[PDB]
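Here is the structure we will look at.
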Amino acid sequence: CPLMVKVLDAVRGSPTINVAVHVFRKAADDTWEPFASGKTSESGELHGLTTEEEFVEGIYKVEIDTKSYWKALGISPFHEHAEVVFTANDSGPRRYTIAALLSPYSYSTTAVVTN
Amino acid sequence: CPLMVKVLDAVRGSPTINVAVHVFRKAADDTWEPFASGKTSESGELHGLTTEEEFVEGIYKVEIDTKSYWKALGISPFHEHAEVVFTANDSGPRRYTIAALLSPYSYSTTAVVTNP
Amino acid sequence: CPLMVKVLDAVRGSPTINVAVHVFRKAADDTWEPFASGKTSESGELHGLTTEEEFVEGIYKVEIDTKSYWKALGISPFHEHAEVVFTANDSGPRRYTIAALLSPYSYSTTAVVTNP
Amino acid sequence: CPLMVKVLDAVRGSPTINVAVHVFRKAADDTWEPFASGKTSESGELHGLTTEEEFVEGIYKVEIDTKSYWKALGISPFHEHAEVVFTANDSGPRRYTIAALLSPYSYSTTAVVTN
Ligand SMILES: O=C(O)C1(c2ccc(-c3ccc(Cl)c(Cl)c3)c(F)c2)CC1
Ligand SMILES: O=C(O)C1(c2ccc(-c3ccc(Cl)c(Cl)c3)c(F)c2)CC1
């Protein structure tokens, strides 16, 4: 599993459950081509987005649909989504975890990159 | 000054100086149209981006050129840039500060929305 | 003004107003001695805590009374308070801003150390 | 495992390995009594600090020795440590994960509290 996303809720002190995540890859014409999508589980994790064969070098965008998450809890948040844009696999295959912590008017994101 | 950006460096504990910031507005066709841009000052702030008359309700994207900032420091960064996408509304408190705290593999951002 | 504190609310997107902040200095016996205190202003800032003559090198603790802030908003918080413990040195850039961003179950803090 | 600590490094994009963690519990005289301690593993996690029987109600302080971590990597950081102080188990036993993200001049911490 070369690309995983884990999301926490800073208001309730819990995993962020059932947040939609869309991954895009920049094409030659510089548009964002849809690459993979899914929803976080009860543990706040999203596994199984892609495979090592499919996850080639490129510039990827991970979009976390935070507005839908807050609106479904009856909260009006500030951001449309949380986005993370990065070059991947440019020195060979790596494994990426995108971690995020969400508040209605704020988010933090970090990356854990292994072997 | 309805929209301001402030950027901090979590590695050096300093304002983020001379970093390019681009603001875009989402058009009817759903593309991002350039709206305003600048470079942060010695205090890490970018003022005077827009005016009240120009800053109408809609969806805006603030892009911070973090990759060039880290590279100028000889530091290898993770992100291509930091992006903040939000709706401006008139029922809200008028003045928007977008704040960001930068590390090579992480960033945090918050909005401070205040005042009459 | 060698030491300043600024506090932001990540739930409401606003400065954290009227929150108690206590500063302590570590004594020779290793206890924490009261040093300075105040409440944040309408802009979430606390200025005038100390002076250059009083703010000597040593270990300091800044305690932000976050629990009372959230309770006043009717919100159940996790932390008893937020604490920031650091050494002040004279080889460093003189002015210290302690910044904190608050959520009910989380806080982030950074230091901005600048200027002659 | 009712109390766990997980720490990430925002500079290197990796788990924070071998950071010391000390837990204290406030005594009746309001002093901080040592309660448990350990070091994070290669995954950045610290398990096995306490048991459900020992982890009674009280005010606990989790101190993450971030200065020793940065100094061992040849970096001079700002903070002495990162501290998290909270009341635990006041509505019955819960499981607590204290998560932290570290930079030389900054840290963030969040809590995940379950059942
Ligand atoms: O004038 C402001 O808004 C300042 C400020 C800017 C940013 C923050 C800040 C603090 C913590 C985080 Cl995680 C983030 Cl994203 C931003 C902060 F606490 C203060 C003090 C410089
Ligand atoms: O298994 C993980 O990776 C977990 C985790 C997820 C997120 C973080 C985290 C903690 C703080 C910040 Cl600011 C950010 Cl962006 C992420 C954290 F410290 C830990 C513990 C749930």
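Start at 1 and count along the chain as shown; that gives each residue its number.
Structure determined by X-ray crystallography, 1.5 Å.
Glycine residues also receive a Cβ, built from the backbone N, Cα and C atoms like all the rest.
These come from Swiss-Prot:
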MOD_RES   B:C1  sulfocysteine
BINDING   B:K6, B:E45, B:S108  L-thyroxine binding site
MOD_RES   B:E33  4-carboxyglutamate
MOD_RES   B:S43  phosphoserine
CARBOHYD  B:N89  N-linked glycosylation site
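Structure with Swiss-Prot features highlighted.
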{"residue": "B:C1", "record": "sulfocysteine", "DSSP class": "coil"}
{"residue": "B:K6", "record": "L-thyroxine binding site", "DSSP class": "strand"}
{"residue": "B:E33", "record": "4-carboxyglutamate", "DSSP class": "strand"}
{"residue": "B:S43", "record": "phosphoserine", "DSSP class": "coil"}
{"residue": "B:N89", "record": "N-linked glycosylation site", "DSSP class": "coil"}
{"residue": "B:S108", "record": "L-thyroxine binding site", "DSSP class": "strand"}
Next item on the list: For each of the recorded positions (B:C1, B:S43, B:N89, B:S108), count the other CB atoms lying within 10 A of its CB, then report the residue with the highest count.
Entry: B:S108
Notebook entry, point to check: Of all the recorded positions here, B:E33, B:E45, which one's CB has the most other CB atoms within 10 A?
Noted result: B:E45
Checklist line | Proximity to chain A among recorded positions B:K6, B:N89, B:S108, where any Cβ pair is under 8 Å | finding: B:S108
Next item on the list: With B:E45 (L-thyroxine binding site) as the reference Cα, tell me which of the recorded positions B:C1, B:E33, B:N89 is the closest one.
Entry: B:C1
Checklist line | Recorded L-thyroxine site residues B:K6, B:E45, B:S108, farthest C-alpha pair in Å | finding: 16
Next item on the list: Sorry to bug you, but what's the C-alpha spacing from B:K6 (L-thyroxine binding site) to the residue listed as 'phosphoserine', rounded to the closest Å?
Entry: 8
Note to self: With Cβ-Cβ distance below 8 Å and at least 6 positions apart along the chain, what are the contacts of B:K6 (L-thyroxine binding site)? List them in sequence order.
What the structure shows: B:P15, B:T40, B:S43, B:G44, B:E45, B:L46, B:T97, B:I98, B:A99, B:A100
Next item on the list: List which of the recorded positions B:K6, B:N89, B:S108 have a Cβ under 8 Å from any Cβ of chain D, in sequence order, or say none.
Entry: B:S108
Notebook entry, point to check: So which of these recorded positions, B:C1, B:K6, B:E33, B:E45, B:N89, get their C-beta under 8 angstroms from chain C?
Noted result: none
Margin query: In whole Å, how far does the CA atom of the residue listed as 'sulfocysteine' lie from that of B:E33 (4-carboxyglutamate)?
Written below: 20
Next item on the list: Return the members of B:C1, B:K6, B:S43, B:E45 (the recorded positions) with CB less than 6 angstroms from at least one atom of ligand 1, or none.
Entry: B:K6
